[PDB]
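Note: hydrogens, waters and symmetry copies are ignored here, and every other heavy atom, side chains too, is used. Just so we're on the same page: letters track the sequence lines, and every chain starts at 1.
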Amino acid sequence: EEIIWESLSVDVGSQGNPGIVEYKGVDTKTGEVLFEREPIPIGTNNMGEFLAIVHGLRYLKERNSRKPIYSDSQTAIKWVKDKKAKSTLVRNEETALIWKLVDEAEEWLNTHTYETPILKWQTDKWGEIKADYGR
RNA sequence: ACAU
DNA sequence: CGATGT
Ligand SMILES: [K+]
Ligand SMILES: [K+]
Ligand SMILES: [Mg+2]
Ligand SMILES: [Mg+2]
């Protein structure tokens, strides 16, 4: 119904899919960029969306913040809930880095706790998520 | 079909 | 138009 403005919003940006993947987290209210991941040479949209949420979890936990996280990705929200990123991306030398980060993100989820609500950004009602890459 |  | 996903 209503945007929870006291929140973190995340989004992925890519050059190709699969292709170069980056992501960032912003203050939903102000747009302030809170974290930005260095571009990853090959990954998928959904792996980036997943990494963005998990990074947001780690970011908020380190800062003792109970803010929720918004993502517009049905897929990544489910993957985080499951603690399992069910990507189809081939594992090879070229995809080694993104798969390493995804593996490590799952591992973090399986060794830490959090109460952070992970919320679906309702793009059809509210427009583009505040972390959008204007892409 | 829905979400990217 | 193509790809990633439930
Ligand atoms: K975009
Ligand atoms: K499809
Ligand atoms: Mg997105
Ligand atoms: Mg976007």
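Separation of atoms CG (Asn17(A)) and CG (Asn46(A)) is listed at 7.5 Å; rounding is to 0.5 Å. Annotation: the span from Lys83(A) atom NZ to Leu109(A) atom CG amounts to 6.0 Å, rounded to 0.5 Å.
Between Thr123(A) and the phosphate of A3(B), there is no side-chain N or O to OP1/OP2 separation shorter than 4.0 Å. In this structure, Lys120(A) reaches the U4(B) phosphate: one of its side-chain N or O atoms is under 4.0 Å from OP1 or OP2. Side-chain nitrogen and oxygen atoms of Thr44(A) include at least one within less than 4.0 Å of the OP1 or OP2 phosphate oxygen of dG5(C).
Side-chain proximity of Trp79(A) to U4(B), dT4(C), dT6(C): nearest is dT6(C). In this structure, of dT4(C), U4(B), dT6(C), it is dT6(C) that holds the atom nearest to the side chain of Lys86(A). The listed nucleotides are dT4(C), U4(B), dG5(C); the one nearest the side chain of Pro18(A) is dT4(C). Considering only the side chain of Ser87(A), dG5(C) comes nearest among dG5(C), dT4(C), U4(B).
Between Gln122(A) atom CD and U4(B) atom P there is a gap of 10 Å when expressed in whole angstrom units. As rounded to whole Å, 13 Å separates atom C1' of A3(B) from atom CG of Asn17(A). One atom, CD1 of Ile129(A), and another, P of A3(B), lie 14 Å apart when rounded to the nearest Å. One atom, CG of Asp72(A), and another, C1' of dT4(C), lie 13 Å apart when rounded to the nearest Å. Per the geometry, CD1 belonging to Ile98(A) stands 10 Å off P belonging to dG5(C), to the nearest Å. To the nearest angstrom, P of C2(B) lies 11 Å from CD of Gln74(A). Going from atom CZ of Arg135(A) over to atom P of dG2(C) covers 22 Å, rounded to whole Å. Look at OH on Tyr23(A): it is 21 Å from P on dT4(C), rounded to the nearest Å.
Between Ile98(A) and the choices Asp103(A), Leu89(A), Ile42(A), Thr44(A), the side chain to side chain contact (heavy atoms under 4.5 Å, CB included) rule is met once, by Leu89(A).
Base engagement by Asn45(A) is indicated by at least one non-hydrogen atom pair under 4.0 Å involving a base atom.
Contact check for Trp108(A) versus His55(A): no side-chain heavy atoms found under the 4.5 Å cut-off.
No more than 12 heavy atoms of other residues, nucleotides or ligands shown are found within 6.0 angstrom of CD on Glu6(A).
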